[PDB]
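Within every chain, numbering begins at 1; the chains are lettered A, B, ... in the order of the sequence lines, protein sequences first and strands thereafter.
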Amino acid sequence: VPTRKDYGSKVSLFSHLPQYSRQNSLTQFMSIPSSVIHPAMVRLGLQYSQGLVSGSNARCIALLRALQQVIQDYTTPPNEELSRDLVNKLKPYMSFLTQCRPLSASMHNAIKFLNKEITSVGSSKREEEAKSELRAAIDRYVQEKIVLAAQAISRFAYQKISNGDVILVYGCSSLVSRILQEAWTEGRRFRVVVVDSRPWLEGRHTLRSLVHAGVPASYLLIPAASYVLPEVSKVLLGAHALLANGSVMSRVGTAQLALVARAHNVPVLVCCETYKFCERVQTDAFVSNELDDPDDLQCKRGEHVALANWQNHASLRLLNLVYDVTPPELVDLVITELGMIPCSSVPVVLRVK
Amino acid sequence: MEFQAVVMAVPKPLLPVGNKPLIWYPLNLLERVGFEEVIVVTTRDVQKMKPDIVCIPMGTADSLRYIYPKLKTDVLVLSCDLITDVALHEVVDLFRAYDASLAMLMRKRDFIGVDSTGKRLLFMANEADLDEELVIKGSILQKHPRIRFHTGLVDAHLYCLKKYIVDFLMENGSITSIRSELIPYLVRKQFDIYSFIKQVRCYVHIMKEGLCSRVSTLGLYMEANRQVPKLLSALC
Amino acid sequence: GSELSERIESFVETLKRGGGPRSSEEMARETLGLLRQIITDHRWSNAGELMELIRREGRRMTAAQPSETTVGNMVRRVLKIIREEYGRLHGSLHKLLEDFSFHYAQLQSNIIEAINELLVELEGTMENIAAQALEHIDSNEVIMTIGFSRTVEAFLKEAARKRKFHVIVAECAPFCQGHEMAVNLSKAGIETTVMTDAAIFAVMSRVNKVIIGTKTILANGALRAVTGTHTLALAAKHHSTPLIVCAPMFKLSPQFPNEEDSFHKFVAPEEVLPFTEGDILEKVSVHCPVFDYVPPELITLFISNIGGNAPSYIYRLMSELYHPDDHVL
Amino acid sequence: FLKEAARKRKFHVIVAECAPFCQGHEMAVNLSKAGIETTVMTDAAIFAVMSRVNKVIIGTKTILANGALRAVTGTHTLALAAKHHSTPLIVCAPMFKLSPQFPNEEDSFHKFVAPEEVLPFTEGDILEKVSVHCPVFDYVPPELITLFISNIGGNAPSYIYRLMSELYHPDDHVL
Amino acid sequence: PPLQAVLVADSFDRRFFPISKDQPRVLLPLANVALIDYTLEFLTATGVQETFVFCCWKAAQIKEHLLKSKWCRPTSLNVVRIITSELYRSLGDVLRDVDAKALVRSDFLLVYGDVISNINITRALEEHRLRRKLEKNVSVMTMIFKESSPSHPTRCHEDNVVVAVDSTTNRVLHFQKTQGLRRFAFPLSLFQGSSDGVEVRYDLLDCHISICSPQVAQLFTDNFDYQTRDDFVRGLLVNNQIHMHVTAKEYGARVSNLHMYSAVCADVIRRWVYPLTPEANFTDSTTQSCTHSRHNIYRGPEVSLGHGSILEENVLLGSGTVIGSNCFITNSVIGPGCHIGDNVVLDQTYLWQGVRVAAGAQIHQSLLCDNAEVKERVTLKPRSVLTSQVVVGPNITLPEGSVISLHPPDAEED
């Protein structure tokens with residue numbers, strides 16, 4: 001499989017990160033019956049590139065289901081052990097998936113766990129038993145780290161939400177939506193304030209989900225967050241990864257929201273699972289981040305687009321950041337299935353697993 | 001693998017379009033992009049990749065059920081008369097991404113209704129069945145309030161089909177000539193096939209630039225004979 | 001003549017319905033021209049009657065659009081001019097330890113002369129502000145701005161002919177007006193970049209300076225800027241980066257943050273959430289504030305036509321510009 | 001740490017010398033020998049130049065128990081300037097530079113050497129009246145530190161206590 | 001050519017059958033302000049220079065309200081003209097009379113006296129004129145539609161329509177309503193000439209704003225059984241061409257029934273019809289001034305709000321209205337000169353001028369007209385409308401959908 005060519009001119013400060021385009025997909029230069037790449041992985045990469053699956057846990061679940069399908073469809077060759085064969089065969093699939101779209105922390109942790117489990121299989125056991133054990137381990141991992149962990153975090157956050165509260169959420173996170181829906185079903189009577197940002201505009205997902213649930217909700221954009229915080233009582237945020245230094249790696253509009261919240265004296269909370277706890281460290285979003293398609297910045301305002309042809313100007317750059325990092329000094333509490341812990345206890349939980 | 005190749009030829013399939021065999025163009029559409037195996041259904045006189053040739057002692061659906069024990073994965077039906085310059089990935093990406101159950105390819109009396117994005121297949125009907133007017137349901141419009149109508153497009157007779165659809169063809173021996181009985185039934189069903197799914201969707205791809213001419217008469221035969229050379233100049 | 005009345009009604013209607021002049025300079029010029037016209041073709045003899053007439057008309061124009069304070073500033077400036085000219089022809093703690101019913105002859109001519117002098121100064125303010133670009137910009141510098149402002153555009157493109165720097169432009173979510181500014185700057189070869197507001201704090205660690213434009217300057221040195229400037233000032237104060245405000249003198253209003261809720265201009269929610277969403281629009285409450293409040297403590301300097309100054313001296317500019325009795329108008 | 005990344009990245013390094021023993025000159029020379037575009041300056045211009053700085057990387061002599069350091073004289077001011085400008089301050093120190101003690105002590109923290117480096121002996125009679133002090137080290141609180149890059153990976157100062165529990169035994173703290 | 005419009009200040013259909021007996025449909029206070037005021041403001045803001053106001057039902061009140069209004073002043077740029085007659089029975093007769101008097105000259109707008117919109121028509125009118133100058137007497141009408149969702153509360157079934165238009169150049173090939181019908185029929189004539197850019201549109205809100213031409217009135221005189229606009233369009237489409245113009249960043253809607261009334265009211269209070277809002281006071285009146293506050297809470301002068309009451313959402317208080325203690329009001333529009341009791345729950349309720357509500361009343365989704373009054377321990381259900389000058393006794397619980405009026409046979413009696 002060839003290289004995923006870039007698209008457009010990147011920014012001077014983010015010249016080391018890849019910048020692609022959603023219209024030009026990498027499956028153009030491949031056989032229709034995929035021979036070198038698994039069909040499941042091809043479909044997964046196409047869905048990731050086209051933006052069909054947008055979410056930390058949706059991506060991890062889809063990746064794990066594709067891996068289960070691949071293991072079911074994969075037969076070990078002779079004169080070689082399976083414990084190393086499967087890892088060596090999955091390496092190019094991961095390369096292709098990264099070429100389609102940079103992987104997230106959840107996908108990295110899942111792939112690491114799967115490689116460890118595959119390497120743990122003994123050379124004497126049979127093939128069918130090993131495949132079944134891997135599929136069962138994958139399913140139990142999904143059940144424990146995603147569904148049961150979400151239920152434990154919602155059960156822990158139900159005590160923090162009270163009647164008459166004004167909670168402020170940002171972006172689209174299934175954990176926050178589930179927490180709010182369960183708190184509303186348990187008898188709590190509050191109102192949520194949904195904050196969104198361009199160009200993804202994914203907060204409308206949580207907005208409609210809450211309206212369908214029956215929770216009184218509000219909607220506004222992130223530049224006006226300083227206008228709605230004086231009336232906000234709590235700020236619930238979702239996290240895609242938690243670094244070893246306690247800093248929170250999440251959607252780009254989270255660090256700024258936390259900063260404005262502290263200025264308005266509003267306690268901020270963070271909900272994250274233990275499998276999203278990364279061991280690496282980062283102090284800012286410049287050295288490592290992800291640059292999405294720049295054509296998403298174009299907007300139809302009035303009757304003409306001011307950025308219709310931005311590549312003609314060789315001096316004009318288009319920056320489209322995805323993730324960002326927040327220091328531990330702006331996070332009050334972290335909710336996990338283990339219990340409510342402060343942000344300066346992130347390494348301690350990383351210790352126990 | 002992922003897809004299986006089948007080229008139906010149910011002389012007409014041996015007409016020398018461009019001084020080359022007529023069945024050579026579909027195989028070329030299948031070749032150069034994987035497809036190490038192909039299954040051909042032809043007459044007894046029709047005979048000479050790795051072709052799996054079977055004889056016919058009959059419609060398209062009957063031939064597909066006739067080769068049911070052969071098929072094991074999703075199918076890509078091709079026609080005997082098919083000369084095209086399209087990239088097969090353009091239709092297979094639609095079949096792969098949305099996990100669709102039906103994917104077709106057409107090129108600019110048979111009325112078709114496509115949604116806003118231009119690839120969702122919403123309505124399909126022939127002029128003969130309709131009495132005098134065109135009836136449209138309310139639910140399809142409640143879900144999709146905009147339906148772009150095409151009448152002039154041509155049917156290339158190539159479809160990316162699932163496996164349970166073939167299982168359904170095996171179950172009900174009522175559908176014959178899928179091009180006029182199965183595709184409209186599936187389009188009318190997305191809004192029984194529901195037993196073998198273990199929601200239904202149909203998608204379309206429109207080129208607007210190409211040689212996607214399906215040979216079915218003398219005029220189209222001459223048109224293809226005249227246009228094949230600039231394409232053969234690049235192909236071979 | 002009734003032509004003055006027709007012009008006043010048209011001005012009030014155009015301000016109350018939609019926006020009038022796109023640039024603030026044209027707005028101030030149009031207000032000053034209307035005021036000069038009202039002074040020229042009208043029956044007035046004494047200063048009190050003229051001042052009350054101007055006060056009533058200015059009150060109407062302000063009630064038409066309260067967020068448009070450039071007109072209140074011009075009305076108050078004309079009132080101060082009238083008072084000064086009347087005192088020139090008629091004759092605090094240190095001070096502490098007036099009728100306008102005398103009718104002169106050459107009061108109208110000198111009032112018009114003063115108004116023309118104010119107009120010429122209003123015209124020269126842009127170059128006077130843009131001339132101070134090299135004193136604060138350096139080579140290989142990074143500058144961050146938000147929105148679209150003519151004053152900041154001139155301040156930035158006036159120094160690109162002798163210095164080279166990198167400009168970051170943050171668009172405005174409701175009305176993405178920063179794209180036009182970024183395009184206009186890239187047309188001059190300044191190596192500009194466009195981004196969202198969500199990545200303000202994420203990118204504000206490599207920034208060296210911030211230059212922005214405001215809509216009006218309050219009395220304690222605070223601003224009424226476009227939505228998103230409060231967060232920009234907060235990020236600047238967190239990283240201890242100077243935040244410069246390029247605003248002429250006509251953007252200075254003699255009021256403290258007294259008011260409540262009618263500070264920001266709220267427009268239809270169509271820009272934030274479209275009408276084609278569905279039935280959720282009956283339950284979801286959407287608000288679209290155009291402006292916001294920026295406290296003075298987060299500001300560092302004010303570059304005006306008379307030179308840069310600190311926010312802690314803006315009160316003196318107020319005392320220098322307007323009269324304490326014309327604050328309520 | 002600095003010269004290992006110059007082979008794949010290009011950056012500008014500012015080096016502040018130490019007033020008593022100007023040891024930063026050797027570091028600046030060694031870095032310039034590798035083509036890193038280094039610069040040398042005094043401590044008086046630390047805050048004056050710390051508005052265009054993006055990151056700080058320094059070395060310590062020992063790490064205390066609550067995450068504070070005993071660094072060379074001048075690091076407390078550097079940390080203060082970093083905290084005023086909200087710039088991350090990285091400390092590259094191995095595990096053997098970790099001591100199991102809290103700032104209990106008083107006055108004997110810093111090592112005081114002869115005043116010859118600060119004020120020469122050839123001044124005159126004013127040396128009998130003028131009292132000169134020359135502290136070599138200083139104390140840097142943990143609140144002004146951002147990260148600790150060690151051989152086992154970076155960590156936050158709020159976890160250094162655990163490293164203490166992992167390294168030493170509580171009965172051997174007094175020695 | 002100066003832009004001229006025609007205003008039909010009488011809708012020859014009676015759906016507001018109780019309330020429209022004492023007082024016209026076009027003077028029903030939406031947000032303390034009549035609908036004809038909204039329509040005139042829209043016309044004056046879009047660029048109209050002259051209007052012709054036709055009235056048949058209760059025209060005296062209409063005229064003497066317009067004559068007090070600000071549009072009839074010598075300082076108004078939209079000169080209005082009142083033509084009154086008792087023979088008019090439908091829109092077709094009005095257009096016939098226009099043709100008989102030769103009032104209009106050029107492209108004129110046809111709008112009802114109960115249309116609330118902030119749409120600008122310069123673009124559509126420009127398109128219309130260019131199209132008319134390429135086809136001199138072709139292209140005769142242009143219907144303005146606001147693109148919406150089929151789920152929106154503003155889309156009522158009584159006015160709901162489905163169109164089959166051309167996508168290359170906007171042109172109406174088929175137009176029909178969907179009131180009480182589940183499967184739509186589209187004839188085959190549409191696919192006759194070109195057959196490539198045809199599309200069905202179901203996401204459209206009929207603003208009842210149409211850019212007509214004098215030839216439209218000509219055809220109205222020609223066809224005697226054209227009783228409305230819809231019938232004009234159908235009879236021209238069976239056979240001149242009629243086009244459209246779709247808007248996506250502007251608001252527009254016509255109040256045809258009560259359900260449409262509570263939809264535009266909610267939209268206007270929620271600032272969806274900006275600049276037209278209660279805070280703006282676009283009528284230049286002194287007894288309609290308000291102050292916009294947080295949560296879209298509008299308070300007028302002399303509101304006399306009592307301690308304990310909570311305004312939670314988009315409410316509109318009138319001038320002179322008195323609020324009691326320990327109340328709960330939300331999504332409700334209250335008129336001037338109202339007087340509330342204590343422990344009064346109001347949820348999506350509309351009180352007009354001169355209403356008094358006693359203590360202990362709970363009103364939800366119901367409309368109180370002028371001079372209404374309710375005593376203690378009274379509970380009203382959704383859609384429980386009270387007309388003018390009705391009195392509801394104490395300890396009464398009204399059923400859902402109840403309508404009270406002083407005329408005996410309309411629906412009930414005092």
Side-chain angles (χ1 to χ4, degrees), chain A residues 1 34-45 48 56-149 240-244 272-281 288 337-338 346-353, chain D residues 151-155 166:
Chain A
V1 27
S34 301
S35 326
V36 48
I37 311 303
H38 205 269
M41 297 299 174
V42 167
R43 158 160 313 89
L44 184 65
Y48 286 164
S56 190
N57 299 276
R59 287 175 65 186
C60 172
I61 291 167
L63 171 59
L64 279 169
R65 299 300 177 190
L67 289 155
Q68 276 184 308
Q69 258 176 100
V70 171
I71 294 164
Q72 181 58 32
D73 296 291
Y74 151 68
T75 244
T76 202
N79 55 291
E80 277 196 298
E81 313 209 315
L82 213 169
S83 208
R84 91 181 44 95
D85 189 71
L86 189 55
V87 185
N88 297 327
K89 192 199 182 167
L90 289 174
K91 272 187 280 290
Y93 297 164
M94 303 305 167
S95 84
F96 165 74
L97 288 173
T98 312
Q99 277 183 53
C100 283
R101 185 154 184 270
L103 312 187
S104 56
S106 0
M107 305 175 71
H108 282 298
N109 296 333
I111 292 165
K112 202 197 307 310
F113 156 80
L114 183 60
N115 292 124
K116 173 173 54 58
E117 253 292 331
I118 292 161
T119 52
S120 132
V121 177
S123 73
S124 160
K125 203 167 174 272
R126 310 176 72 271
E127 151 170 358
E128 280 68 27
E129 282 74 67
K131 290 198 291 179
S132 179
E133 282 202 0
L134 290 165
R135 281 173 58 82
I138 289 168
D139 283 325
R140 280 183 321 275
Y141 173 85
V142 168
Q143 193 74 11
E144 65 193 12
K145 263 68 183 59
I146 302 175
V147 4
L148 294 181
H240 295 255
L242 291 167
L243 312 177
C272 194
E273 298 89 281
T274 56
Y275 90 104
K276 292 179 176 180
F277 289 174
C278 262
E279 202 136 16
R280 64 179 194 75
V281 201
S288 156
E337 57 256 27
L338 302 176
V346 174
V348 184
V349 302
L350 277 165
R351 190 199 317 158
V352 250
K353 312 300 178 176
Chain D
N151 58 324
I152 61 179
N155 302 274
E166 280 179 339

Novice: Is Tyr48(A) close to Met107(A) at the side-chain level, that is, under 4.5 Å between some pair of heavy atoms?
Specialist: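 Yes; the side chains approach each other to less than 4.5 Å.
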Novice: Ignoring hydrogens, what is the shortest heavy-atom contact between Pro92(A) and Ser95(A)? Give both atom names and the distance.
Specialist: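 Where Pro92(A) meets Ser95(A) most closely, the heavy atoms are O-OG, 2.5 Å.
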Novice: Counting only heavy atoms not in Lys91(A), do more than 12 fall under 6.0 Å of its NZ?
Specialist: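 It does: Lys91(A) NZ has more than 12 such atoms within range.
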Novice: Please tell me if the side chains of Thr119(A) and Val87(A) come closer than 4.5 Å, counting only heavy atoms from C-beta onward.
Specialist: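 Yes, side chains in contact.
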Novice: Can you confirm whether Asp73(A) sits close enough to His38(A) that some side-chain heavy atom of one is under 4.5 Å from a side-chain heavy atom of the other?
Specialist: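 In short, these two side chains touch, coming nearer than 4.5 Å.
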Novice: If you take all heavy atoms of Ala244(A) and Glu279(A), which pair is closest and at what distance?
Specialist: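 Shortest heavy-atom separation between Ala244(A) and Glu279(A) comes out as CB-O, 3.3 Å.
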Novice: Could you give me the CA-CA distance, side-chain angles and deciding distance for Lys276(A) and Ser56(A), then say whether side chain to side chain contact (heavy atoms under 4.5 Å, CB included) is met?
Specialist: CA-CA 9 Å; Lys276(A) 292 179 176 180; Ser56(A) 190; 3.3 Å; yes
Novice: Is there a side-chain contact between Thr76(A) and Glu81(A) (heavy atoms, below 4.5 Å)?
Specialist: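 The answer is no; the side chains never approach within 4.5 Å.
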Novice: Can you confirm whether more than 12 heavy atoms, excluding those of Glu166(D), are under 6.0 Å from its CD atom?
Specialist: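 Yes, enclosed.
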Novice: Roughly how far, to the nearest 0.5 Å, is CG of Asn155(D) from CG of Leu243(A)?
Specialist: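 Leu243(A) atom CG to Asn155(D) atom CG measures 12.0 Å (nearest 0.5 Å).
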Novice: Which pairs count as ring pair (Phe, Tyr, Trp, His ring centres under 6.0 Å) when at least one residue sits in residues 60-105 of chain A, sequence neighbours excluded?
Specialist: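 Counting only pairs at least two positions apart or across chains, no ring pair (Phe, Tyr, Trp, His ring centres under 6.0 Å) contact touches residues 60-105 of chain A.
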Novice: Go through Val1(A) and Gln99(A) one step at a time and tell me if the side chain to side chain contact (heavy atoms under 4.5 Å, CB included) criterion holds.
Specialist: CA-CA 10 Å; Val1(A) 27; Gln99(A) 277 183 53; 4.2 Å; yes
Novice: With side chains defined as the heavy atoms from C-beta onward, is the minimum distance between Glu273(A) and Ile146(A) less than 4.5 Å?
Specialist: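 The answer is no, as the side chains (C-beta and beyond) never meet within the 4.5 Å cut-off.
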Novice: Considering only heavy atoms from C-beta outward, does the side chain of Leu64(A) approach that of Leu67(A) to under 4.5 Å?
Specialist: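 A side-chain contact under 4.5 Å exists here.
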Novice: So which pairs with a foot in residues 132-148 of chain A pass side-chain hydrogen bond (donor to acceptor under 3.5 Å, both in side chains), sequence neighbours left out?
Specialist: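 Of all non-adjacent pairs touching residues 132-148 of chain A, those that pass side-chain hydrogen bond (donor to acceptor under 3.5 Å, both in side chains) are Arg65(A)-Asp139(A), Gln68(A)-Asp139(A), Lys125(A)-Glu133(A), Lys145(A)-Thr274(A).
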Novice: Is any side-chain heavy atom of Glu127(A) less than 4.5 Å from a side-chain heavy atom of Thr75(A)?
Specialist: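 They are in contact (side-chain heavy atoms under 4.5 Å apart), so the answer is yes.
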Novice: Just verifying a value: how many Å separate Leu103(A) CG and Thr98(A) OG1, rounded to the nearest 0.5 Å?
Specialist: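 One finds 3.5 Å between CG of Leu103(A) and OG1 of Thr98(A).
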Novice: What is the minimum heavy-atom distance between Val70(A) and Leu90(A), and which atoms define it?
Specialist: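 The pair with the smallest heavy-atom distance is CG1-CD2, 4.3 Å.
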Novice: Given side chain to side chain contact (heavy atoms under 4.5 Å, CB included), test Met41(A) with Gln69(A) step by step and report yes or no.
Specialist: CA-CA 9 Å; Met41(A) 297 299 174; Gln69(A) 258 176 100; over 6 Å; no
Novice: With side chain to side chain contact (heavy atoms under 4.5 Å, CB included) as the test, would you mind laying out the steps for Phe113(A) and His108(A) before giving the verdict?
Specialist: CA-CA 9 Å; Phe113(A) 156 80; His108(A) 282 298; over 6 Å; no
Novice: What is the minimum heavy-atom distance between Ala40(A) and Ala66(A), and which atoms define it?
Specialist: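 Scanning both residues completely, I find the closest heavy atoms to be CB-O, 4.2 Å.
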Novice: Main chain of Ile118(A), side chain of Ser83(A): is a donor-acceptor contact present, judged purely on distance under 3.5 Å?
Specialist: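 Yes, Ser83(A) side chain to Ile118(A) backbone: donor-acceptor pair under 3.5 Å.
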Novice: Check whether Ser120(A) reaches the backbone of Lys116(A) with its side chain - one donor and one acceptor, N or O, closer than 3.5 Å.
Specialist: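 No: the side chain of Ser120(A) does not pair with the backbone of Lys116(A).
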Novice: Can you tell which of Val121(A), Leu86(A), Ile71(A) makes a side-chain contact (heavy atoms from CB on, under 4.5 Å) with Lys131(A)?
Specialist: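 When side-chain contact (heavy atoms from CB on, under 4.5 Å) is applied between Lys131(A) and each of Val121(A), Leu86(A), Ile71(A), only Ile71(A) qualifies.
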Novice: Kindly give the heavy-atom pair with the smallest separation between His240(A) and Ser106(A), and that separation in Å.
Specialist: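 Of all heavy-atom pairs spanning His240(A) and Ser106(A), the closest is O-OG, 4.4 Å.
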Novice: With rounding to the nearest 0.5 angstrom, report the CG to CG distance, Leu242(A) to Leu350(A).
Specialist: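 Taking CG in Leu242(A) and CG in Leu350(A), the distance rounds to 8.5 Å.
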